[PDB]
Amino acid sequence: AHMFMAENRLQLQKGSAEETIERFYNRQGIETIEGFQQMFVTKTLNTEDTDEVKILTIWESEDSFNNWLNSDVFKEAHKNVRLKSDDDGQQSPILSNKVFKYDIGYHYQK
């Protein structure tokens, strides 16, 4: 059975990557979900006009991720999150997000 990866890709106002990444330091319940394995928060290195921050989560299965998506802890973690496009999103540097999903065909860990 294959592991699974979900990515949330955040398009951010230029210069806002660091303040955004720091919002992820404190866990808000994902660690309680059966099948959750790893989380990475990355800044893309490039010369673009907007920053890019990605949240990669690694799971035992896609079903495990879907259970998290349906969970109270997902909703809790995202309670106060806004997009710049939201009616009350004036202070948000997050222009948009897009979700990508992946089957993991192979993994090696030293």
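We number the residues from 1 along the sequence you see.
Query raised in the report: As stated in the PDB record, which stretch has the larger average Cα B-factor, 23-31 or 42-50?
Result: Averaged over C-alpha atoms, the B-factors run higher in 42-50.
Query raised in the report: Between 54-62 and 70-78, which has the larger average Cα B-factor in the PDB entry?
Result: Comparing averages over the C-alpha atoms only gives 70-78.
Query raised in the report: Lowest, middle or highest third: where is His107 by C-alpha B factor in its chain?
Result: Lowest third - that is where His107 ends up once the chain's C-alpha B-factors are sorted.
**Report entry** Chain thirds of CA B-factor: placement of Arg9
**Finding:** Answer is lowest: the recorded C-alpha B-factor places it there.
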